[PDB]
Amino acid sequence: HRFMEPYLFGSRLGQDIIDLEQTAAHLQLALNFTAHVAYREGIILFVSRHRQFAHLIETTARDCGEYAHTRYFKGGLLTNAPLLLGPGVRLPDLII
Amino acid sequence: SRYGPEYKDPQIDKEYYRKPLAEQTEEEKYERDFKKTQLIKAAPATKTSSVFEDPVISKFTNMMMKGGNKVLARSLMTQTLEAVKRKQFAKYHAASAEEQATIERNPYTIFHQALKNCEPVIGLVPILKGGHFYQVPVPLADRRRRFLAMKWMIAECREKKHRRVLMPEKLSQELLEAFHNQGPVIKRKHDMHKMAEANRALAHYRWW
Amino acid sequence: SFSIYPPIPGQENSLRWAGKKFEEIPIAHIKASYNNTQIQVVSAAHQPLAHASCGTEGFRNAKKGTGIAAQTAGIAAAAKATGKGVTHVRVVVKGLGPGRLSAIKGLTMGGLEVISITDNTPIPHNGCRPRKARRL
Amino acid sequence: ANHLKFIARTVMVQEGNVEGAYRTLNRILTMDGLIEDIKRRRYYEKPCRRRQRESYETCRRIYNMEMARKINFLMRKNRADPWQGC
Amino acid sequence: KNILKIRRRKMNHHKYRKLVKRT
Amino acid sequence: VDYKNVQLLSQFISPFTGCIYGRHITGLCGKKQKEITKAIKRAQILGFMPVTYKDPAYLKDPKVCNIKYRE
Amino acid sequence: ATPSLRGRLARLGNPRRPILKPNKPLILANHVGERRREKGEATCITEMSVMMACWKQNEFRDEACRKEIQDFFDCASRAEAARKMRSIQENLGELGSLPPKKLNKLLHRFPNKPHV
RNA sequence: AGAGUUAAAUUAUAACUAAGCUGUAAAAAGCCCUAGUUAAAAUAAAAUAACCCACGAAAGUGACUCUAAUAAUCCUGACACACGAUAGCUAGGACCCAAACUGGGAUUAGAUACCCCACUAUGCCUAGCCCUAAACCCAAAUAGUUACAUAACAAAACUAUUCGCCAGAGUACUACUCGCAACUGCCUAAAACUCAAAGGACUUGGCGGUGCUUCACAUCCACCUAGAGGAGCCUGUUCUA
Ligand SMILES: [Mg+2]
Ligand SMILES: [Mg+2]
Ligand SMILES: [Mg+2]
Ligand SMILES: [Mg+2]
Ligand SMILES: [Mg+2]
Ligand SMILES: [Mg+2]
Ligand SMILES: [Mg+2]
Ligand SMILES: [Mg+2]
Ligand SMILES: [Mg+2]
Ligand SMILES: [Mg+2]
Ligand SMILES: [Mg+2]
Ligand SMILES: [Mg+2]
Ligand SMILES: [Mg+2]
Ligand SMILES: [Mg+2]
Ligand SMILES: [Mg+2]
Ligand SMILES: [Mg+2]
Ligand SMILES: [Mg+2]
Ligand SMILES: [Mg+2]
Ligand SMILES: [Mg+2]
Ligand SMILES: [Mg+2]
Ligand SMILES: [Mg+2]
Ligand SMILES: [Mg+2]
Ligand SMILES: [Mg+2]
Ligand SMILES: [Mg+2]
Ligand SMILES: [Mg+2]
Ligand SMILES: [Mg+2]
Ligand SMILES: [Mg+2]
Ligand SMILES: [Mg+2]
Ligand SMILES: [Mg+2]
Ligand SMILES: [Mg+2]
Ligand SMILES: [Mg+2]
Ligand SMILES: [Mg+2]
Ligand SMILES: [Mg+2]
Ligand SMILES: [Mg+2]
Ligand SMILES: [Mg+2]
Ligand SMILES: [Mg+2]
Ligand SMILES: [Mg+2]
Ligand SMILES: [Mg+2]
Ligand SMILES: [Mg+2]
Ligand SMILES: [Mg+2]
Ligand SMILES: [Mg+2]
Ligand SMILES: [Mg+2]
Ligand SMILES: [Mg+2]
Ligand SMILES: [Mg+2]
Ligand SMILES: [Mg+2]
């Protein structure tokens, strides 16, 4: 992608390599964030379409008391919540 | 059509049922048949297990029936088989020993023969090309050919008799002449064959 | 290495049909035109032994186009040729038309034995301009 | 016409099967583009109307080449799928 | 489409040439 | 590439036609294809090499190109 | 190898003059062209002709030649069963490639990207 | 731009051989001084290579060889200068093949057309004109940038320096002028009048004697049966009364 150009480190023989220093700086902040939301008792929704890992991510999330959505994603899901999910509903506080 | 597609046809031949024990794939097959809990059709009233039933005669019988008269068609046929029979007995006793060995006294063999001999090999279908209808040579499937023979016999001995002449008689004549290939029916078969030979070039047109 | 097709005009190749050199075997010219076909069977010496046309075979203005007609002409041609006693034929097809294959088959089925097919179909290297295309 | 005869465009039928040898010769001419040229040259075709042909042909050849490649590249993944009904 | 402009021209030209022949 | 070695130029010509194979068959650089082509045409007009068929002498020589005629 | 597209198309940058004028944009489509149904020729024509010749020489007595006739019907049954077989044959495909349904799913799984 | 050369094909014209040969959806006319084969100059046009993308300012240029040869230490620039496809004009040659015109033949209600057959101006050369093209890549030249940014569609968006061009639509590649080897021409190019539009791109429909697949199950075709149209009569319309 064109917007990875900063996060990259450099090309090794055609294969691109991320900057792990930046990975840590970022991931720290991400995990911190995740945590501060969990502590504040709010919904967390993991999402992936990737098949290899589907099971993992549900198996992970079920054990967190957090929710996963790994599946076909119906269209108006978050946008039109009350029609899709139920008459009135709470929405994910954080999506991951 | 009061039969759904679930109902398969009856197989009515008795020789099949009485003597299964030497046939493996057929044992397997009729096992599949009734075991399948197969809904099977009430056998028709025309089809019987009678030792005397010749399906060809039945078809030809039907095609002669106008309206709903089975009775009448049956009778006309019966009288035709009969008429040929007696006519061939008359030819027999008035002949010489050699020809006594020759002559066919079986009206049935005479019938299957006189139909085998009247059936055309090729036939024409019209093809539309560039505005004109060309009559083109088409190889034919057997049943269509049988039909053409029977249809022809019936139409011929229906149309061209003088009114004082009964159907079974004339029909018998046409049967015995078609036996020896000298009959008008075969003239018809031959005009088919000739028309096919004249148009043979156009057998390119046909695409199937 | 069996049956390399193009036998050389040098004498290095001994292969005989009816004990003859490939040079001595009769040439059957086939000309397949869209409306016509004609075969002419000629000696290696160029003395014509047989001629059959789709028209000479008694077909008419359209119908003489067909492959039927082609094989028809082929048969009788090989009849006239067989009469003068030619066993084997090297064939050349000229033009590209309906009765190419049909006529070639017609020589075989007509009881004439075929060794070679070669295609001489005139292919302009951009000489004379063709007639204009048609609808226009 | 000045060249030695019978050397050009000549197949010699082997084991007496004619139809096979004719198919062979046909495959020759059609492989070299001579059939498309005879057929082309029955009538004329004007220079413009010719570059149009050329370009349409060559575009189409590019498309089909690429699409072919893409198909044969994605061929592997036709294999029956591991993750089914996740 | 733009042919519809050309049509006019085409006609006007034709109708002119015809004229200049008679005249 | 010289127009003088007709064997070489014969290597790139279709045996039955006398055609000149394209790059996609011969597999040559641009400059070498062009070189070969011109060379051939020269060899044809000067008449070291014939036009409408591959000289029989050279049919038995090593074959470079990727064409399969006979299958 | 794929024909070079460099410099071919009429574009603002290009100093050259055009080579290809595409009718439809040059992009791999997602789907693939549906199978082309092949047409028929006249079936059996040979035996038809042979049997014609036979009747011509024999003054149209069918009893004189059984051979040409039985071979004719041989061809008719070979023809009809060839049609039945080419009807059930739809598993044919390309015989070494895959039917255009498979290609189209497969191609939707790794689509081509014009946008972004 | 010269000068020289020819491989395929074709044609004269002979030698044989057969009566046909040509031609379409189907035919006809046409030709048998025809056709197949074997020989063979001129003229004309340059398979494959080319799935290449070069050379020229553009038009254009792709058979072969040799001669001459492709402006500018390189910005823009005309009504000036020099060129400019086809067709056309003038004079002289050429004439294989093609072919407006025209005459036959079909088709058609008609067919001054599409299809067929001949044959001509003309394409060809040498010299002189004419100066027009959907001469269009509809995208000006020369330096740049990929920042900002999607009317639509198409070939994504823009600076800077220039010249050229555009003020509703017709009217109008027209009328008058001016100039030109043109004198049914080219170039330049209005107004009266009329209208409230005229235009570009798109959107759903509908439609298509477009293309592709798949069907029709009393159903188009092929197929089977029995009838209507004819006759007498019944009975309903339509006309006369
Ligand atoms: Mg060319
Ligand atoms: Mg036009
Ligand atoms: Mg010759
Ligand atoms: Mg090509
Ligand atoms: Mg007007
Ligand atoms: Mg340039
Ligand atoms: Mg250009
Ligand atoms: Mg377009
Ligand atoms: Mg000159
Ligand atoms: Mg020559
Ligand atoms: Mg000649
Ligand atoms: Mg000649
Ligand atoms: Mg035709
Ligand atoms: Mg006539
Ligand atoms: Mg080409
Ligand atoms: Mg080019
Ligand atoms: Mg320069
Ligand atoms: Mg300047
Ligand atoms: Mg000019
Ligand atoms: Mg001129
Ligand atoms: Mg002339
Ligand atoms: Mg002359
Ligand atoms: Mg002419
Ligand atoms: Mg006329
Ligand atoms: Mg009409
Ligand atoms: Mg038409
Ligand atoms: Mg002439
Ligand atoms: Mg010129
Ligand atoms: Mg141009
Ligand atoms: Mg253009
Ligand atoms: Mg302009
Ligand atoms: Mg400028
Ligand atoms: Mg400049
Ligand atoms: Mg910028
Ligand atoms: Mg929009
Ligand atoms: Mg105005
Ligand atoms: Mg003008
Ligand atoms: Mg003017
Ligand atoms: Mg002026
Ligand atoms: Mg009906
Ligand atoms: Mg219906
Ligand atoms: Mg009636
Ligand atoms: Mg009535
Ligand atoms: Mg009333
Ligand atoms: Mg009244």
# chains A, B, ... in the order shown; residues from 1 in each chain; ligands from 1
call {"tool": "residues_around", "arguments": {"residues": "segment 42-46 of chain F", "least_positions_apart": "3", "cutoff": "9 Å", "atoms": "only C-alpha atoms (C1' of nucleotides)", "output": "ChimeraX atom specification"}}
result
/F:3-6,9,37-39,49-51 /H:5-7,63-64
call {"tool": "residues_near_ligand", "arguments": {"ligand": "ligand 33", "cutoff": "12 Å", "atoms": "only C-alpha atoms (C1' of nucleotides) and all ligand atoms", "output": "PyMOL selection string"}}
result
chain H and resi 57+71-72+74-77+141-142
call {"tool": "write_last_selection", "arguments": {"atoms": "N, CA, C and O atoms (P, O5', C5', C4', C3', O3' and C1' of nucleotides)", "output": "PDB file, in the first residue's frame"}}
result
ATOM      1  P     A H  57      12.262  15.461 -39.216  1.00  0.00           P
ATOM      2  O5'   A H  57      11.107  16.532 -38.942  1.00  0.00           O
ATOM      3  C5'   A H  57      10.289  16.457 -37.779  1.00  0.00           C
ATOM      4  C4'   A H  57       8.969  17.149 -37.996  1.00  0.00           C
ATOM      5  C3'   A H  57       7.838  16.263 -38.507  1.00  0.00           C
ATOM      6  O3'   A H  57       7.137  15.618 -37.449  1.00  0.00           O
ATOM      7  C1'   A H  57       7.996  18.216 -39.852  1.00  0.00           C
ATOM      8  P     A H  71      19.625  16.667 -39.103  1.00  0.00           P
ATOM      9  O5'   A H  71      19.505  18.230 -39.413  1.00  0.00           O
ATOM     10  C5'   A H  71      19.662  18.724 -40.737  1.00  0.00           C
ATOM     11  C4'   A H  71      19.566  20.227 -40.797  1.00  0.00           C
ATOM     12  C3'   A H  71      20.100  20.965 -39.589  1.00  0.00           C
ATOM     13  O3'   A H  71      21.496  21.136 -39.694  1.00  0.00           O
ATOM     14  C1'   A H  71      17.988  21.840 -40.192  1.00  0.00           C
ATOM     15  P     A H  72      22.453  20.825 -38.448  1.00  0.00           P
ATOM     16  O5'   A H  72      22.759  22.271 -37.905  1.00  0.00           O
ATOM     17  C5'   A H  72      22.721  22.510 -36.526  1.00  0.00           C
ATOM     18  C4'   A H  72      21.925  23.735 -36.226  1.00  0.00           C
ATOM     19  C3'   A H  72      21.692  23.976 -34.750  1.00  0.00           C
ATOM     20  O3'   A H  72      22.799  24.611 -34.136  1.00  0.00           O
ATOM     21  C1'   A H  72      19.645  24.081 -35.867  1.00  0.00           C
ATOM     22  P     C H  74      21.507  26.982 -28.189  1.00  0.00           P
ATOM     23  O5'   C H  74      20.500  25.864 -28.716  1.00  0.00           O
ATOM     24  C5'   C H  74      19.666  26.103 -29.847  1.00  0.00           C
ATOM     25  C4'   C H  74      18.363  25.342 -29.756  1.00  0.00           C
ATOM     26  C3'   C H  74      17.945  24.913 -28.350  1.00  0.00           C
ATOM     27  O3'   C H  74      16.510  24.869 -28.269  1.00  0.00           O
ATOM     28  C1'   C H  74      18.172  23.011 -29.695  1.00  0.00           C
ATOM     29  P     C H  75      15.549  25.771 -29.215  1.00  0.00           P
ATOM     30  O5'   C H  75      14.168  25.752 -28.434  1.00  0.00           O
ATOM     31  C5'   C H  75      14.140  25.690 -27.016  1.00  0.00           C
ATOM     32  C4'   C H  75      13.058  26.574 -26.466  1.00  0.00           C
ATOM     33  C3'   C H  75      12.047  27.079 -27.481  1.00  0.00           C
ATOM     34  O3'   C H  75      11.074  26.120 -27.862  1.00  0.00           O
ATOM     35  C1'   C H  75      12.737  28.869 -26.134  1.00  0.00           C
ATOM     36  P     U H  76      10.520  26.128 -29.370  1.00  0.00           P
ATOM     37  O5'   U H  76       9.406  27.254 -29.354  1.00  0.00           O
ATOM     38  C5'   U H  76       8.328  27.156 -28.452  1.00  0.00           C
ATOM     39  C4'   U H  76       7.525  28.421 -28.416  1.00  0.00           C
ATOM     40  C3'   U H  76       7.017  28.935 -29.742  1.00  0.00           C
ATOM     41  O3'   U H  76       5.914  28.216 -30.248  1.00  0.00           O
ATOM     42  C1'   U H  76       7.875  30.724 -28.508  1.00  0.00           C
ATOM     43  P     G H  77       5.765  28.037 -31.835  1.00  0.00           P
ATOM     44  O5'   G H  77       5.670  29.525 -32.391  1.00  0.00           O
ATOM     45  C5'   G H  77       4.547  30.358 -32.140  1.00  0.00           C
ATOM     46  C4'   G H  77       4.691  31.646 -32.898  1.00  0.00           C
ATOM     47  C3'   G H  77       4.753  31.466 -34.398  1.00  0.00           C
ATOM     48  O3'   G H  77       3.463  31.504 -34.960  1.00  0.00           O
ATOM     49  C1'   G H  77       6.582  32.777 -33.691  1.00  0.00           C
ATOM     50  P     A H 141       2.019  19.619 -28.760  1.00  0.00           P
ATOM     51  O5'   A H 141       3.324  20.547 -28.817  1.00  0.00           O
ATOM     52  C5'   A H 141       3.766  21.095 -30.059  1.00  0.00           C
ATOM     53  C4'   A H 141       4.625  22.336 -29.898  1.00  0.00           C
ATOM     54  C3'   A H 141       5.690  22.294 -28.816  1.00  0.00           C
ATOM     55  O3'   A H 141       6.850  21.574 -29.218  1.00  0.00           O
ATOM     56  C1'   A H 141       4.537  24.348 -28.690  1.00  0.00           C
ATOM     57  P     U H 142       7.561  20.502 -28.241  1.00  0.00           P
ATOM     58  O5'   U H 142       8.305  21.393 -27.157  1.00  0.00           O
ATOM     59  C5'   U H 142       9.290  22.334 -27.554  1.00  0.00           C
ATOM     60  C4'   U H 142       9.738  23.174 -26.388  1.00  0.00           C
ATOM     61  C3'   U H 142       9.892  22.426 -25.087  1.00  0.00           C
ATOM     62  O3'   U H 142      11.066  21.642 -25.046  1.00  0.00           O
ATOM     63  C1'   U H 142       8.742  24.432 -24.677  1.00  0.00           C
TER      64        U H 142
END
call {"tool": "interface_residues", "arguments": {"of": "chain F", "to": "chain G", "cutoff": "10 Å", "atoms": "only C-alpha atoms", "output": "ChimeraX atom specification"}}
result
/F:23-24,27
call {"tool": "residues_near_ligand", "arguments": {"ligand": "ligand 39", "cutoff": "9 Å", "atoms": "only C-alpha atoms (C1' of nucleotides) and all ligand atoms", "output": "PDB file with C-alpha atoms (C1' of nucleotides), in the first residue's frame"}}
result
ATOM      1  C1'   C H  79      -1.743  36.149 -43.481  1.00  0.00           C
ATOM      2  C1'   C H 178      -9.801  39.979 -51.687  1.00  0.00           C
ATOM      3  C1'   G H 179      -6.207  36.622 -53.711  1.00  0.00           C
ATOM      4  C1'   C H 187      -9.475  30.495 -49.086  1.00  0.00           C
ATOM      5  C1'   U H 188     -11.535  34.416 -46.268  1.00  0.00           C
TER       6        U H 188
END
call {"tool": "atom_distance", "arguments": {"atom1": "atom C1' of residue 11 of chain H", "atom2": "atom CA of residue 130 of chain C"}}
result
14.9 Å
call {"tool": "interface_residues", "arguments": {"of": "chain F", "to": "chain C", "cutoff": "12 Å", "atoms": "only C-alpha atoms", "output": "list in words"}}
result
residues 15, 16, 17, 19, 51, 52, 53, 54, 55, 56, 57, 58, 59, 60 and 70 of chain F
call {"tool": "write_last_selection", "arguments": {"atoms": "N, CA, C and O atoms", "output": "mmCIF file, in the first residue's frame"}}
result
data_model
loop_
_atom_site.group_PDB
_atom_site.id
_atom_site.type_symbol
_atom_site.label_atom_id
_atom_site.label_comp_id
_atom_site.auth_asym_id
_atom_site.auth_seq_id
_atom_site.Cartn_x
_atom_site.Cartn_y
_atom_site.Cartn_z
ATOM 1 N N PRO F 15 10.013 -25.264 -42.562
ATOM 2 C CA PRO F 15 10.450 -26.247 -43.563
ATOM 3 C C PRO F 15 9.491 -26.392 -44.735
ATOM 4 O O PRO F 15 9.941 -26.429 -45.878
ATOM 5 N N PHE F 16 8.196 -26.459 -44.452
ATOM 6 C CA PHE F 16 7.185 -26.670 -45.483
ATOM 7 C C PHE F 16 6.791 -25.423 -46.226
ATOM 8 O O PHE F 16 6.480 -25.467 -47.413
ATOM 9 N N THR F 17 6.780 -24.309 -45.519
ATOM 10 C CA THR F 17 6.359 -23.061 -46.118
ATOM 11 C C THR F 17 7.529 -22.327 -46.750
ATOM 12 O O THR F 17 7.492 -21.967 -47.918
ATOM 13 N N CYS F 19 8.342 -19.964 -44.720
ATOM 14 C CA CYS F 19 7.982 -18.873 -43.831
ATOM 15 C C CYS F 19 9.181 -18.449 -43.008
ATOM 16 O O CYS F 19 10.143 -19.202 -42.861
ATOM 17 N N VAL F 51 13.050 -19.698 -51.652
ATOM 18 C CA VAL F 51 11.994 -18.990 -50.949
ATOM 19 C C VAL F 51 10.902 -19.865 -50.354
ATOM 20 O O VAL F 51 10.455 -19.660 -49.230
ATOM 21 N N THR F 52 10.443 -20.825 -51.133
ATOM 22 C CA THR F 52 9.199 -21.480 -50.794
ATOM 23 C C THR F 52 9.395 -22.817 -50.101
ATOM 24 O O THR F 52 8.430 -23.499 -49.780
ATOM 25 N N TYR F 53 10.633 -23.217 -49.876
ATOM 26 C CA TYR F 53 10.838 -24.389 -49.034
ATOM 27 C C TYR F 53 12.220 -24.403 -48.424
ATOM 28 O O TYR F 53 13.153 -23.791 -48.958
ATOM 29 N N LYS F 54 12.339 -25.100 -47.298
ATOM 30 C CA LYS F 54 13.625 -25.259 -46.642
ATOM 31 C C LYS F 54 14.431 -26.235 -47.465
ATOM 32 O O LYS F 54 13.951 -27.332 -47.760
ATOM 33 N N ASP F 55 15.634 -25.831 -47.861
ATOM 34 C CA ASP F 55 16.493 -26.699 -48.645
ATOM 35 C C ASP F 55 16.675 -28.043 -47.941
ATOM 36 O O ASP F 55 17.113 -28.088 -46.791
ATOM 37 N N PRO F 56 16.329 -29.142 -48.638
ATOM 38 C CA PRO F 56 16.275 -30.505 -48.082
ATOM 39 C C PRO F 56 17.547 -30.905 -47.343
ATOM 40 O O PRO F 56 17.470 -31.593 -46.320
ATOM 41 N N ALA F 57 18.690 -30.473 -47.872
ATOM 42 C CA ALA F 57 19.983 -30.750 -47.265
ATOM 43 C C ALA F 57 19.951 -30.391 -45.796
ATOM 44 O O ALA F 57 20.481 -31.109 -44.950
ATOM 45 N N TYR F 58 19.294 -29.284 -45.495
ATOM 46 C CA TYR F 58 19.331 -28.747 -44.152
ATOM 47 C C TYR F 58 18.146 -29.182 -43.282
ATOM 48 O O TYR F 58 18.014 -28.725 -42.146
ATOM 49 N N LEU F 59 17.283 -30.056 -43.790
ATOM 50 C CA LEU F 59 16.156 -30.496 -42.969
ATOM 51 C C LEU F 59 16.636 -31.356 -41.785
ATOM 52 O O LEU F 59 16.002 -31.374 -40.729
ATOM 53 N N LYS F 60 17.773 -32.033 -41.949
ATOM 54 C CA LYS F 60 18.266 -33.000 -40.956
ATOM 55 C C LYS F 60 19.177 -32.388 -39.892
ATOM 56 O O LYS F 60 19.787 -33.102 -39.099
ATOM 57 N N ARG F 70 3.768 -31.880 -35.681
ATOM 58 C CA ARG F 70 3.274 -33.238 -35.789
ATOM 59 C C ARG F 70 3.053 -33.861 -34.414
ATOM 60 O O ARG F 70 3.999 -34.106 -33.660
#
call {"tool": "residues_near_ligand", "arguments": {"ligand": "ligand 44", "cutoff": "12 Å", "atoms": "only C-alpha atoms (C1' of nucleotides) and all ligand atoms", "output": "list in words"}}
result
residues 236, 237 and 238 of chain H
